[PDB]
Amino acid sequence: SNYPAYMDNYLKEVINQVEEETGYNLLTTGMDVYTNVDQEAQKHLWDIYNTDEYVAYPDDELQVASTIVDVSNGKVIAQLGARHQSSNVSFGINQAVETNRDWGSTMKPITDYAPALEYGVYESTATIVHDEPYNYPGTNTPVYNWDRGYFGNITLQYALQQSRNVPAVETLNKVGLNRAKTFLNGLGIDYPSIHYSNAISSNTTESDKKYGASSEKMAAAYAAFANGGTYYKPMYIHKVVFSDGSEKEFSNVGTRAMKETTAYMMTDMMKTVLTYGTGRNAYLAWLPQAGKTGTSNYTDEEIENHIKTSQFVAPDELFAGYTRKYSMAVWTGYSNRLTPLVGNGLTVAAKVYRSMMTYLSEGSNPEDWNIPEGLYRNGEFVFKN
């Protein structure tokens, strides 16, 4: 024995964060490290992943990777990048932190809508947007919705709820690429160069751990919504003790990335995603929470030469939700993007989220968010004073 299997991923990042911070590799240098991982939470997550006691998987090769963050300090309390993957070699690639996969629509809240309300492009969640034939700015390439259809004049909250692409890209045009990119920096996310395609895709040209999105980064980002607009750099360690006796404490300093009002508005709209939208498989009548779903697609080449079914398919299915205490981003798909997620497999990400959040909150007495000063309700929407 050396270390349990369920901590492989977590321990991998600890080694790295200590390395980045102090500059020493604890595998060749004696140190005592106190981490933020919630052992019991980890264990439970592992069972959700590797057992059939919580979620019905279509098979054992389907993958999952998620990260749970404490929205009050950015501490990563649980993380796991793969399931039923026992190719024992320690600290292999941890998918929870890799930004090689597309997070689709989970990018809409932080890349289009948050910035819009933040910068005054929209004054309320009732604002009327446009889901009509529309081409990517500066091109004749059309922006398609999954059903290749259009709802026309719908409200901001409804556009998000049903995850309509047109309104999202259009919104990104009104917000402006440069400040949309600056707004993501406030949430830890960045691209080499941002493009309109990023209004609904995290797909980027350069492949680094920094560019794009990963469960790790998405959770930290959404944590900002939950706590009122403050972004905390994800942390795996909070203290290390060198063999000499001197110690190092790591601070959870948070930076405001959006107004208190913007956060409440985004949150308000995102809970309707779980109630009447795409994220209905993660809904809990007793838990005040909000989230967003995402589905990536296959290229034409892929659909014709590699996809052998007429069933709705995708290489990636994602969910990123949060309660008032915890933020969790989930990723699902196969190591080989060419193996699609089908029917039952697509509900996996949401259900994995629901199971974990149940575990983390059913015991406590969860509180809701309170309408901050500067906004007022009016039936189903929220407006600025």
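In case it trips you up, residue 1 is the first one in the sequence shown, and so on.
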(message) Tell me which stretch, 238-246 or 94-102, has the higher mean Cα B-factor listed in the entry.
(response) 238-246
(request) Please work out which of 258-266 and 83-91 has the higher mean CA B-factor as recorded in the PDB entry. (result) 83-91
(message) So if I compare the CA B-factors in the entry for 293, 215, 201, 251, which one is the largest?
(response) 251
(request) Would you mind checking which of 158, 122, 276, 225 has the top Cα temperature factor in the PDB entry? (result) 276
(request) Determine, from the deposited record, the chain-internal third of the Cα B-factor for residue 283: lowest, middle or highest. (result) highest
(request) Just say lowest, middle or highest third for the CA B-factor of residue 136 relative to the other modelled residues in its chain. (result) middle
(request) Check where residue 307 lands among this chain's C-alpha B-factors and tell me if it's the lowest, middle or highest third. (result) highest
(request) Give the position of residue 345 by CA B-factor within its chain, expressed as the lowest, middle or highest third. (result) middle
(message) Test of reading the entry: by CA B factor among the chain's modelled residues, which third contains residue 339?
(response) lowest
